[PDB]
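Peer 1: My structure is below; once you've seen it, I'll send some questions.
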Amino acid sequence: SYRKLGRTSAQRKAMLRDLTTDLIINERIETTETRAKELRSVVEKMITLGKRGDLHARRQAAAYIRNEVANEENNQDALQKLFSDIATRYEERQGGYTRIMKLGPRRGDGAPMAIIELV
Amino acid sequence: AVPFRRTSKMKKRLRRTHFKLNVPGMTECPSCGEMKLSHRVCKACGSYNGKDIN
Amino acid sequence: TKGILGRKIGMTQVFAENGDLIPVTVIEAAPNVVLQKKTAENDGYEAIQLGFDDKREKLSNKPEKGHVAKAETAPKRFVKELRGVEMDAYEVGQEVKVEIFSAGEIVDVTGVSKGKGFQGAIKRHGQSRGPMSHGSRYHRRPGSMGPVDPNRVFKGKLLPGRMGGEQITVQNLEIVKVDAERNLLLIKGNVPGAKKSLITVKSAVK
Amino acid sequence: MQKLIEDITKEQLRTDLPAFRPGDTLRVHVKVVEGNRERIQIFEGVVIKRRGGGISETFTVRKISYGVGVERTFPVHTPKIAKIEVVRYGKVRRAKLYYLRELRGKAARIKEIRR
Amino acid sequence: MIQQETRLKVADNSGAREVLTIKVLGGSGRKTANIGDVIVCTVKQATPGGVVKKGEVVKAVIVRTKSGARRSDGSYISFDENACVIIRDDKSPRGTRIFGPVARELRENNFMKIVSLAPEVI
RNA sequence: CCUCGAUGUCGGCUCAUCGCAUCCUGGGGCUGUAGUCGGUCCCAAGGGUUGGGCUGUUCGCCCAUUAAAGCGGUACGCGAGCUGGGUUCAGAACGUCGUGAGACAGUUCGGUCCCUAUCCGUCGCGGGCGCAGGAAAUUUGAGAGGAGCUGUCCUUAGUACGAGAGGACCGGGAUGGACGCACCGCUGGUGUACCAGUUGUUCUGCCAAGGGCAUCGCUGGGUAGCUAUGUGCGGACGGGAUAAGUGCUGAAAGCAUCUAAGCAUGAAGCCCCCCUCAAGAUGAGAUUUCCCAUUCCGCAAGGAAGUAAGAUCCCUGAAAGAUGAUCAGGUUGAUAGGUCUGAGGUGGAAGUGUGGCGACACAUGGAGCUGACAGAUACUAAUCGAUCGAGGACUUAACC
RNA sequence: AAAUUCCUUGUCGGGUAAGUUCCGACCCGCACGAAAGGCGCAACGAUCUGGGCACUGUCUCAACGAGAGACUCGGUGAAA
């Protein structure tokens with residue numbers, strides 16, 4: 001199955017889209033353990049969608065990724081950064097683009113923190 | 001829905017006998033000096049299976 | 001009373017020499033190895049342990065390794081004995097195959113059921129619930145406990161709890177197809193258990 | 001287990017059927033035994049659904065006979081159908097033409113495509 | 001599946017137009033009569049000319065149903081609308097002829113005079 | 001006589017449990033029993049004992065079934081389980097009584113059913129310890145529970161019997177009804193990270209292509225899973241001891257007599273045979289395999305302290321699950337996610353081209369897309385570690 | 001036989017497979033009756049009562065899915 005993360009379907013789609021585009025931006029992300037575990041599969045789907053490079057995959061990735069600015073003074077969006085730099089880094093691999101590293105639990109929640117990194 | 005009689009201190013302590021919390025599963029860090037949970041990044045060292053995490 | 005034990009692969013649908021259809025469970029049964037023969041001179045009964053599947057050396061500890069290594073092919077995953085057989089044809093270290101069954105005989109099929117978790121009164125015991133409407137706030141609920149006068153509820157009032165996970169035998173199942181080289185039995189009907197679970201197969205007590 | 005189920009079913013799944021999609025008309029010669037006789041009777045209808053896979057694949061047809069629609073469902077890969085002919089292909093957009101139960105009498109116009 | 005309190009089409013020229021089931025014949029209490037079995041039904045609506053008028057209690061046989069039947073072959077019959085044929089205290093119908101198609105499952109019971117009177121059997 | 005410092009009434013729903021003074025089924029006596037039919041009585045409580053109309057109704061009357069539509073007890077069972085229709089508050093009215101305020105086991109329309117479960121109880125799941133070592137498996141079964149009901153047709157045969165009508169006992173064969181257990185291959189249902197169409201507005205600078213919100217916006221299908229109305233199977237053939245009954249031999253009491261002595265037969269009933277749970281069955285069972293007898297002290301009653309066999313802490317998960325637990329795995333590895341190959345499901349993507357004024361249609365092309373489905377792949381995550389864990393009394397038979 | 005009728009489910013008829021409620025008719029009116037008004041009456045009513053067409057999980061008979069509690073963890077922490 002897939003985890004529901006205690007929120008409705010539209011909230012889950014919006015939160016996963018914001019998280020996958022912020023991972024494309026920042027190249028490392030601190031989230032809770034299960035947000036990390038559900039983010040891993042979707043970010044790898046986006047990366048293998050961008051590795052094809054054709055315009056149909058471009059329009060699918062533009063349907064999924066938020067329109068957030070990815071670099072200063074270059075006008076590079078998250079979609080263009082994903083396609084160009086991520087595919088350019090990642091022709092050689094196949095599968096397994098993400099790392100999950102556990103951290104100590106949250107002070108106010110006791111929620112187990114986690115780090116998503118992209119190698 | 002109402003307690004008929006008060007629970008005595010003996011029954012109170014016998015119910016509370018399972019209310020402990022266990023020690024966290026802990027491991028000495030390979031980068032040494034501090035003590036860590038298993039499968040977690042050490043907070044002082046910032047290391048996990050060798051090397052830095054920055 | 002012949003018997004083997006394998007695992008449940010799934011379901012197929014087999015035409016039987018006519019336009020008519022047979023619902024079929026497909027049971028993979030690899031050659032079962034006899035491990036040990038319980039005899040009444042030192043055990044008080046007559047039985048035989050059949051073993052099935054092969055575990056790795058990391059999975060198998062030393063007591064299973066020795067107990068197999070009395071007469072050794074390999075350490076086995078499912079070890080289960082069966083009673084009420086002749087003993088002279090069965091020997092220790094002998095392999096029994098699906099070829100000892102034919103496509104006509106009548107089978108008791110025993111397996112551990114699927115799990116349904118903590119699931120309550122109406123789903124568990126097949127009992128009815130009260131009205132959804134006319135103002136009744138009583139539905140999906142167990143019942144009344146019983147009469148007032150005994151000043152308790154009687155033993156065995158059926159309540160919510162955990163369903164499934166129990167061993168159940170279906171009776172008089174009929175073999176449709178036996179496949180030698182692919183190690184299959186194909187049984188008319190439906191057998192208890194989830195996929196890839198252990199099911200043992202016996203000649204039915206008619 | 002999909003390859004093993006394919007290997008078991010591969011010997012007895014039939015091979016001589018024509019490739020018909022749901023939503024085109026067709027005729028089925030089914031053999032029926034009335035008097036311990038071997039006769040075949042004919043069923044001309046439009047294929048409403050085709051579902052399932054392997055031997056488990058079934059298909060149904062619908063024929064309006066004498067003011068009453070009759071919908072007949074066969075398993076596809078069966079020996080009791082002698083032969084299946086397609087007479088007119090159709091142009092449909094759905095995969096399952098469930099609206100032909102409600103529609104009746106040449107509002108149910110399956111447009112031919114000649115392919 | 002035909003219950004108590006179902007209205008059915010009447011498939012013959014017996015003068016009945018619609019029937020209402022009372023009790024399905026079978027065991028002690030029976031939930032359903034799928035096809036072929038006899039039911040006890042009352043004529044709720046009637047043809048103005050005919051041998052039976054509105055509101056008497058007859059025994060009918062179910063001919064065709066919306067939820068169809070399963071053959072032993074694995075094939076399936078499913079008609080469009082529920083319909084029945086009135087018989088009288090014996091195995092034969094009192095209607096002169098039958099309209100509409102009739103299922104094959106009447107033939108395995110001794111319903112020869114209905115399944116011969118049918119204009120097409122499926 | 002207990003209860004008025006509160007013991008909630010009738011009926012219905014949900015759940016049943018018992019008695020037998022038996023409604024059916026089983027086994028029989030007697031008959032004013034020509035044969036299924038019947039009536040009474042005996043044994044028998046194992047199971048079963050239907051839907052509707054009217055009434056607040058139990059109770060009745062009626063229609064249509066059934067093999068049968070039992071009578072009762074459990075606070076006229078069950079309201080810290082539900083409903084509130086009538087009763088038994090305040091409003092109003094009719095008949096009647098009263099001079100009146102008002103009153104009717106006379107009627108009629110409307111009328112707040114509170115509670116977070118402490119202890120027993122019951123249904124499920126765990127931790128601890130025990131069983132003169134420490135474990136891994138496999139079981140014997142004392143003892144519990146569950147199941148236990150029946151019809152229709154054909155043949156035996158229109159045969160026995162009965163001028164006729166009618167119509168068998170016993171015995172075989174097929175099949176159904178209601179319950180029960182299991183499982184999604186089929187029929188379907190659902191299937192809120194699957195696919196497609198489409199309305200309104202708004203956003204991605206515009207076209208084309210998409211996103212947000214409108215119950216998942218609505219509509220048409222639907223993978224895994226759960227599911228019944230769907231499919232498979234069940235209660236069978238049997239064994240022992242009996243109940244009522246039928247007896248054999250046989251005196252008491254030269255006869256007779258089922259009787260005291262002996263000997264048989266005989267029920268859906270009892271105990272097994274069927275299925276499940278079950279060594280805490282402290283009466284702690286048995287079999288097979290592994291580690292086995294090491295360090296210090298008071299020198300020895302015995303302590304403590306590293307270990308072997310083995311599990312565990314922690315991590316990847318589901319065929320399991322409220323959490324614990326059980327099960328699949330932990331780098332000589334396929335446990336999960338990815339990637340690739342597929343099955344299924346939607347159904348003909350975007351972009352270009354051609355036809356047309358255009359909405360649109362064709363070709364590229366069974367295309368594109370695809371959540372839980374099954375194979376391959378060491379690409380990422382199951383890393384490094386730590387913890388718990390044996391050394392064994394008196395008597396007999398018999399050996400170092 | 002009524003907001004009034006205990007005998008009472010008065011009797012006959014319509015409706016229904018079946019109708020103690022409903023409607024129509026008779027009148028033995030326990031105990032209607034003429035401004036405590038009698039008998040009618042179009043429109044009107046979140047009134048009361050009986051029936052029918054559509055429609056449906058109200059039901060036969062339950063099944064799945066979503067959210068908030070419930071359940072596990074971290075914080076604070078009552079009551080009868």
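Numbering starts fresh at 1 for the residues of each chain in the structure tokens, the chains themselves are lettered A, B, ... in the order given, and ligands are numbered from 1 as they appear.
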Write down as an NGL selection string the residues of chain A whose backbone DSSP state falls under alpha helix (DSSP H).
Peer 2: :A and (9-26 or 33-50 or 55-64 or 78-81 or 87-89)
Peer 1: Determine which residues of chain G sit within 9 Å of chain C, taking into account only C-alpha atoms (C1' of nucleotides), and present them as a PyMOL selection string.
Peer 2: chain G and resi 57-58+61-62
Peer 1: Based on the selection just made, write C-alpha atoms (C1' of nucleotides) of those residues as a PDB file, in the first residue's frame.
Peer 2:
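Contents of part-v6.pdb, freshly written:
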```
ATOM      1  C1'   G G  57     -29.377   0.351   1.993  1.00  0.00           C
ATOM      2  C1'   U G  58     -35.535   1.596   5.230  1.00  0.00           C
ATOM      3  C1'   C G  61     -28.432  -9.100   3.690  1.00  0.00           C
ATOM      4  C1'   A G  62     -24.876  -6.697   4.146  1.00  0.00           C
TER       5        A G  62
END
```
Peer 1: Give me the residues within 7 Å of range 112-118 of chain C as a list in words, counting only C-alpha atoms (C1' of nucleotides) and dropping any in the same chain fewer than 6 places off.
Peer 2: residues 161, 162, 163, 164, 165, 166, 167, 168, 192, 193 and 194 of chain C; 320 and 321 of chain F
Peer 1: Go ahead and save the residues from that selection, with N, CA and C atoms (P, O5', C5', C4', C3', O3' and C1' of nucleotides), as a PDB file, in the first residue's frame.
Peer 2:
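Ended up saving to selection_12.pdb:
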```
ATOM      1  N   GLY C 161     -13.062  -9.802  18.544  1.00  0.00           N
ATOM      2  CA  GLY C 161     -11.722 -10.274  18.812  1.00  0.00           C
ATOM      3  C   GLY C 161     -10.957 -10.400  17.515  1.00  0.00           C
ATOM      4  N   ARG C 162     -10.067 -11.380  17.412  1.00  0.00           N
ATOM      5  CA  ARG C 162      -9.237 -11.560  16.229  1.00  0.00           C
ATOM      6  C   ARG C 162      -9.745 -12.734  15.403  1.00  0.00           C
ATOM      7  N   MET C 163      -9.960 -12.494  14.113  1.00  0.00           N
ATOM      8  CA  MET C 163     -10.376 -13.507  13.161  1.00  0.00           C
ATOM      9  C   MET C 163      -9.162 -14.164  12.520  1.00  0.00           C
ATOM     10  N   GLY C 164      -9.402 -15.302  11.881  1.00  0.00           N
ATOM     11  CA  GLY C 164      -8.413 -15.923  11.025  1.00  0.00           C
ATOM     12  C   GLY C 164      -7.207 -16.497  11.750  1.00  0.00           C
ATOM     13  N   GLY C 165      -6.232 -16.901  10.941  1.00  0.00           N
ATOM     14  CA  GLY C 165      -4.993 -17.444  11.459  1.00  0.00           C
ATOM     15  C   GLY C 165      -5.104 -18.794  12.129  1.00  0.00           C
ATOM     16  N   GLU C 166      -6.098 -19.597  11.768  1.00  0.00           N
ATOM     17  CA  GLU C 166      -6.287 -20.905  12.372  1.00  0.00           C
ATOM     18  C   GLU C 166      -6.213 -21.990  11.309  1.00  0.00           C
ATOM     19  N   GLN C 167      -5.880 -23.199  11.746  1.00  0.00           N
ATOM     20  CA  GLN C 167      -5.746 -24.329  10.839  1.00  0.00           C
ATOM     21  C   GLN C 167      -7.125 -24.895  10.544  1.00  0.00           C
ATOM     22  N   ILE C 168      -7.471 -25.010   9.261  1.00  0.00           N
ATOM     23  CA  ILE C 168      -8.765 -25.521   8.814  1.00  0.00           C
ATOM     24  C   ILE C 168      -8.536 -26.518   7.682  1.00  0.00           C
ATOM     25  N   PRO C 192      -7.792 -23.397   1.936  1.00  0.00           N
ATOM     26  CA  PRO C 192      -7.570 -22.282   2.856  1.00  0.00           C
ATOM     27  C   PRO C 192      -6.148 -21.760   2.816  1.00  0.00           C
ATOM     28  N   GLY C 193      -6.028 -20.450   2.981  1.00  0.00           N
ATOM     29  CA  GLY C 193      -4.733 -19.829   3.126  1.00  0.00           C
ATOM     30  C   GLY C 193      -4.429 -18.754   2.110  1.00  0.00           C
ATOM     31  N   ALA C 194      -3.509 -17.863   2.457  1.00  0.00           N
ATOM     32  CA  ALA C 194      -3.003 -16.873   1.527  1.00  0.00           C
ATOM     33  C   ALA C 194      -2.025 -17.528   0.562  1.00  0.00           C
TER      34      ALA C 194
ATOM     35  P     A F 320      -2.201 -12.605   5.914  1.00  0.00           P
ATOM     36  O5'   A F 320      -1.637 -12.200   7.342  1.00  0.00           O
ATOM     37  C5'   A F 320      -1.588 -13.148   8.394  1.00  0.00           C
ATOM     38  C4'   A F 320      -0.902 -12.577   9.604  1.00  0.00           C
ATOM     39  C3'   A F 320      -1.603 -11.413  10.278  1.00  0.00           C
ATOM     40  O3'   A F 320      -2.629 -11.812  11.164  1.00  0.00           O
ATOM     41  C1'   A F 320       0.657 -10.872   9.962  1.00  0.00           C
ATOM     42  P     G F 321      -3.905 -10.869  11.393  1.00  0.00           P
ATOM     43  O5'   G F 321      -3.333  -9.608  12.168  1.00  0.00           O
ATOM     44  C5'   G F 321      -2.890  -9.704  13.511  1.00  0.00           C
ATOM     45  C4'   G F 321      -2.133  -8.470  13.915  1.00  0.00           C
ATOM     46  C3'   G F 321      -2.959  -7.210  14.036  1.00  0.00           C
ATOM     47  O3'   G F 321      -3.594  -7.126  15.288  1.00  0.00           O
ATOM     48  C1'   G F 321      -1.044  -6.756  12.756  1.00  0.00           C
TER      49        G F 321
END
```
Peer 1: Counting only C-alpha atoms (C1' of nucleotides), which residues from chain F have an atom at most 7 Å from any atom of chain D, and could you show them as a PyMOL selection string?
Peer 2: chain F and resi 185+221+347+374
Peer 1: Go ahead and save the residues from that selection, with C-alpha atoms (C1' of nucleotides), as a PDB file, in the first residue's frame.
Peer 2:
```
ATOM      1  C1'   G F 185     -10.563 -18.666 -11.114  1.00  0.00           C
ATOM      2  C1'   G F 221     -14.715   1.835 -16.925  1.00  0.00           C
ATOM      3  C1'   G F 347      -8.536   2.954 -24.430  1.00  0.00           C
ATOM      4  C1'   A F 374       5.295 -11.506 -10.875  1.00  0.00           C
TER       5        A F 374
END
```
Peer 1: Pick out the chain G residues within 12 Å of chain E. Count only C-alpha atoms (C1' of nucleotides). Give them as a ChimeraX atom specification.
Peer 2: /G:15-18,59-61
Peer 1: Export N, CA and C atoms (P, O5', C5', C4', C3', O3' and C1' of nucleotides) of the chosen residues as a PDB file, in the first residue's frame?
Peer 2:
```
ATOM      1  P     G G  15     -62.913  -3.764  -5.083  1.00  0.00           P
ATOM      2  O5'   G G  15     -61.602  -3.123  -4.454  1.00  0.00           O
ATOM      3  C5'   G G  15     -61.076  -1.905  -4.956  1.00  0.00           C
ATOM      4  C4'   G G  15     -60.121  -1.281  -3.977  1.00  0.00           C
ATOM      5  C3'   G G  15     -58.976  -2.160  -3.525  1.00  0.00           C
ATOM      6  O3'   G G  15     -57.927  -2.205  -4.472  1.00  0.00           O
ATOM      7  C1'   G G  15     -59.927  -1.063  -1.658  1.00  0.00           C
ATOM      8  P     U G  16     -57.574  -3.581  -5.213  1.00  0.00           P
ATOM      9  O5'   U G  16     -56.718  -4.379  -4.138  1.00  0.00           O
ATOM     10  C5'   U G  16     -55.508  -3.840  -3.635  1.00  0.00           C
ATOM     11  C4'   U G  16     -54.972  -4.663  -2.497  1.00  0.00           C
ATOM     12  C3'   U G  16     -55.109  -6.165  -2.651  1.00  0.00           C
ATOM     13  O3'   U G  16     -54.129  -6.737  -3.489  1.00  0.00           O
ATOM     14  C1'   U G  16     -55.812  -5.534  -0.494  1.00  0.00           C
ATOM     15  P     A G  17     -54.553  -7.892  -4.515  1.00  0.00           P
ATOM     16  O5'   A G  17     -54.317  -9.235  -3.699  1.00  0.00           O
ATOM     17  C5'   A G  17     -54.817 -10.472  -4.173  1.00  0.00           C
ATOM     18  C4'   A G  17     -54.784 -11.528  -3.099  1.00  0.00           C
ATOM     19  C3'   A G  17     -55.330 -11.123  -1.741  1.00  0.00           C
ATOM     20  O3'   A G  17     -56.732 -11.331  -1.686  1.00  0.00           O
ATOM     21  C1'   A G  17     -53.341 -12.450  -1.547  1.00  0.00           C
ATOM     22  P     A G  18     -57.700 -10.339  -0.885  1.00  0.00           P
ATOM     23  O5'   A G  18     -57.235 -10.481   0.626  1.00  0.00           O
ATOM     24  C5'   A G  18     -57.655 -11.579   1.418  1.00  0.00           C
ATOM     25  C4'   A G  18     -56.883 -11.641   2.708  1.00  0.00           C
ATOM     26  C3'   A G  18     -56.980 -10.412   3.594  1.00  0.00           C
ATOM     27  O3'   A G  18     -58.133 -10.422   4.412  1.00  0.00           O
ATOM     28  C1'   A G  18     -54.720 -11.054   3.368  1.00  0.00           C
ATOM     29  P     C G  59     -31.974  -0.942   7.234  1.00  0.00           P
ATOM     30  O5'   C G  59     -32.920  -2.013   6.549  1.00  0.00           O
ATOM     31  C5'   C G  59     -33.839  -2.760   7.324  1.00  0.00           C
ATOM     32  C4'   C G  59     -34.703  -3.626   6.453  1.00  0.00           C
ATOM     33  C3'   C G  59     -34.035  -4.854   5.876  1.00  0.00           C
ATOM     34  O3'   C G  59     -34.004  -5.927   6.791  1.00  0.00           O
ATOM     35  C1'   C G  59     -35.249  -3.738   4.188  1.00  0.00           C
ATOM     36  P     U G  60     -32.729  -6.890   6.856  1.00  0.00           P
ATOM     37  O5'   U G  60     -33.041  -8.001   5.771  1.00  0.00           O
ATOM     38  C5'   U G  60     -34.196  -8.811   5.869  1.00  0.00           C
ATOM     39  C4'   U G  60     -34.486  -9.499   4.561  1.00  0.00           C
ATOM     40  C3'   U G  60     -33.377 -10.377   4.017  1.00  0.00           C
ATOM     41  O3'   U G  60     -33.385 -11.663   4.598  1.00  0.00           O
ATOM     42  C1'   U G  60     -34.233  -8.998   2.297  1.00  0.00           C
ATOM     43  P     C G  61     -32.011 -12.370   5.012  1.00  0.00           P
ATOM     44  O5'   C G  61     -31.000 -11.165   5.212  1.00  0.00           O
ATOM     45  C5'   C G  61     -29.800 -11.366   5.940  1.00  0.00           C
ATOM     46  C4'   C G  61     -28.745 -10.329   5.643  1.00  0.00           C
ATOM     47  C3'   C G  61     -29.127  -8.879   5.911  1.00  0.00           C
ATOM     48  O3'   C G  61     -27.961  -8.184   6.321  1.00  0.00           O
ATOM     49  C1'   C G  61     -28.432  -9.100   3.690  1.00  0.00           C
TER      50        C G  61
END
```
Peer 1: Given a cut-off of 9 Å, which residues of chain D touch chain C, counting only C-alpha atoms, written out as an NGL selection string?
Peer 2: :D and (1 or 4-5 or 9 or 12 or 55-56 or 78-81)
Peer 1: Excluding range 97-108 of chain A and residues on its chain fewer than 3 positions from it, collect all residues at most 7 Å away from it, counting only C-alpha atoms (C1' of nucleotides), and give them as a list in words.
Peer 2: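 Using only C-alpha atoms (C1' of nucleotides), the neighbours found are residues 40, 44, 111, 112, 113, 114, 115, 116, 117, 118 and 119 of chain A; 39, 40 and 41 of chain B; 380 of chain F; 74 and 75 of chain G.
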Peer 1: Deliver the residues from the most recent selection as a file, using C-alpha atoms (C1' of nucleotides), as a PDB file, in the first residue's frame.
Peer 2:
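Final file, again.pdb:
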```pdb
ATOM      1  CA  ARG A  40      11.788   8.727  -2.125  1.00  0.00           C
ATOM      2  CA  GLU A  44      12.879   8.732  -8.322  1.00  0.00           C
ATOM      3  CA  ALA A 111       8.771  12.490  15.526  1.00  0.00           C
ATOM      4  CA  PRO A 112      11.799  10.696  14.038  1.00  0.00           C
ATOM      5  CA  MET A 113      13.623  13.183  11.840  1.00  0.00           C
ATOM      6  CA  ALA A 114      15.264  12.148   8.575  1.00  0.00           C
ATOM      7  CA  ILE A 115      17.509  13.486   5.827  1.00  0.00           C
ATOM      8  CA  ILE A 116      16.871  13.022   2.113  1.00  0.00           C
ATOM      9  CA  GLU A 117      19.947  13.528  -0.023  1.00  0.00           C
ATOM     10  CA  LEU A 118      20.389  12.866  -3.732  1.00  0.00           C
ATOM     11  CA  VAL A 119      23.136  10.436  -4.703  1.00  0.00           C
TER      12      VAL A 119
ATOM     13  CA  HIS B  39      21.082   3.202  12.562  1.00  0.00           C
ATOM     14  CA  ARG B  40      21.131   6.930  13.343  1.00  0.00           C
ATOM     15  CA  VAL B  41      23.591   9.716  12.611  1.00  0.00           C
TER      16      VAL B  41
ATOM     17  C1'   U F 380      19.771   3.099  -2.550  1.00  0.00           C
TER      18        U F 380
ATOM     19  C1'   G G  74       6.364  12.821  22.407  1.00  0.00           C
ATOM     20  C1'   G G  75       3.973  17.375  25.514  1.00  0.00           C
TER      21        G G  75
END
```
Peer 1: Could you give me, as a list in words, the residues within 9 Å of range 3-17 of chain A, counting only C-alpha atoms (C1' of nucleotides) and dropping anything in the same chain fewer than 6 positions from it?
Peer 2: residues 34, 35, 38, 39, 42, 64, 65 and 66 of chain A; 192, 193 and 216 of chain F; 66 and 67 of chain G
Peer 1: Only residues of chain F matter here; which ones have an atom within 6 Å of chain B, counting only C-alpha atoms (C1' of nucleotides)? Give them as a PyMOL selection string.
Peer 2: chain F and resi 117-118+313-314+383+385
Peer 1: For residue 232 in chain F, work out the shell of residues within 9 Å, counting only C-alpha atoms (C1' of nucleotides) and skipping chain neighbours fewer than 4 positions away, then give it as a PyMOL selection string.
Peer 2: (chain C and resi 23+173+188-191) or (chain F and resi 182-183)
Peer 1: Just to confirm, what's the straight-line distance from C1' of residue 109 in chain F to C1' of residue 4 in chain G in Å (one decimal)?
Peer 2: 15.6 Å
Peer 1: Need the shell around residue 32 in chain G: protein/DNA/RNA residues with any atom at most 12 Å away, counting only C-alpha atoms (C1' of nucleotides). Skip same-chain ones fewer than 5 positions apart. Format as JSON, numbers by chain?
Peer 2: {"F": [94, 95], "G": [2, 4, 5, 38]}
Peer 1: Please produce an output containing N, CA and C atoms (P, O5', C5', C4', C3', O3' and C1' of nucleotides) for each residue in the selection, written as a PDB file, in the first residue's frame.
Peer 2:
```
ATOM      1  P     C F  94     -65.110  20.345  23.310  1.00  0.00           P
ATOM      2  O5'   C F  94     -65.461  18.884  22.824  1.00  0.00           O
ATOM      3  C5'   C F  94     -65.916  18.647  21.506  1.00  0.00           C
ATOM      4  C4'   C F  94     -66.269  17.200  21.336  1.00  0.00           C
ATOM      5  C3'   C F  94     -67.203  16.649  22.393  1.00  0.00           C
ATOM      6  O3'   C F  94     -68.561  16.959  22.157  1.00  0.00           O
ATOM      7  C1'   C F  94     -65.385  15.185  22.136  1.00  0.00           C
ATOM      8  P     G F  95     -69.567  17.151  23.392  1.00  0.00           P
ATOM      9  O5'   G F  95     -69.791  15.676  23.931  1.00  0.00           O
ATOM     10  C5'   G F  95     -70.510  14.723  23.168  1.00  0.00           C
ATOM     11  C4'   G F  95     -70.568  13.395  23.872  1.00  0.00           C
ATOM     12  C3'   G F  95     -71.048  13.446  25.305  1.00  0.00           C
ATOM     13  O3'   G F  95     -72.457  13.479  25.400  1.00  0.00           O
ATOM     14  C1'   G F  95     -69.089  12.144  25.186  1.00  0.00           C
TER      15        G F  95
ATOM     16  P     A G   2     -66.695   5.411  13.763  1.00  0.00           P
ATOM     17  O5'   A G   2     -66.714   6.997  13.684  1.00  0.00           O
ATOM     18  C5'   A G   2     -67.402   7.663  12.631  1.00  0.00           C
ATOM     19  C4'   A G   2     -67.480   9.160  12.838  1.00  0.00           C
ATOM     20  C3'   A G   2     -66.351   9.790  13.646  1.00  0.00           C
ATOM     21  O3'   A G   2     -66.078  11.083  13.120  1.00  0.00           O
ATOM     22  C1'   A G   2     -68.413  10.272  14.671  1.00  0.00           C
ATOM     23  P     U G   4     -63.980   9.679  18.693  1.00  0.00           P
ATOM     24  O5'   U G   4     -65.242  10.168  19.524  1.00  0.00           O
ATOM     25  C5'   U G   4     -65.109  10.529  20.890  1.00  0.00           C
ATOM     26  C4'   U G   4     -66.440  10.675  21.585  1.00  0.00           C
ATOM     27  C3'   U G   4     -67.404   9.505  21.444  1.00  0.00           C
ATOM     28  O3'   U G   4     -68.066   9.288  22.686  1.00  0.00           O
ATOM     29  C1'   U G   4     -68.453  11.488  20.725  1.00  0.00           C
ATOM     30  P     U G   5     -67.677   8.023  23.591  1.00  0.00           P
ATOM     31  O5'   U G   5     -67.869   6.790  22.612  1.00  0.00           O
ATOM     32  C5'   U G   5     -69.165   6.388  22.189  1.00  0.00           C
ATOM     33  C4'   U G   5     -69.222   4.908  21.928  1.00  0.00           C
ATOM     34  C3'   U G   5     -68.157   4.373  20.976  1.00  0.00           C
ATOM     35  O3'   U G   5     -67.698   3.101  21.424  1.00  0.00           O
ATOM     36  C1'   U G   5     -70.326   3.916  20.118  1.00  0.00           C
ATOM     37  P     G G  38     -71.333  22.617  16.448  1.00  0.00           P
ATOM     38  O5'   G G  38     -72.559  22.098  15.579  1.00  0.00           O
ATOM     39  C5'   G G  38     -73.720  21.578  16.202  1.00  0.00           C
ATOM     40  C4'   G G  38     -74.757  21.177  15.186  1.00  0.00           C
ATOM     41  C3'   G G  38     -74.230  20.681  13.857  1.00  0.00           C
ATOM     42  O3'   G G  38     -73.827  19.324  13.897  1.00  0.00           O
ATOM     43  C1'   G G  38     -75.967  22.223  13.484  1.00  0.00           C
TER      44        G G  38
END
```
Peer 1: When you get a sec, could you note down which chain F residues fall within 9 Å of chain C, using only C-alpha atoms (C1' of nucleotides), as a count of residues only?
Peer 2: 50
Peer 1: Could you pull out the strand (DSSP E or B) residues of chain B, going by DSSP on the backbone, and write them as number ranges by chain?
Peer 2: B: 26-28, 35-37, 47, 52
Peer 1: Within 12 Å of chain C, which residues belong to chain E? Use only C-alpha atoms and report them as a list in words.
Peer 2: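 That gives residues 70, 71, 72, 73, 74 and 75 of chain E for chain E.
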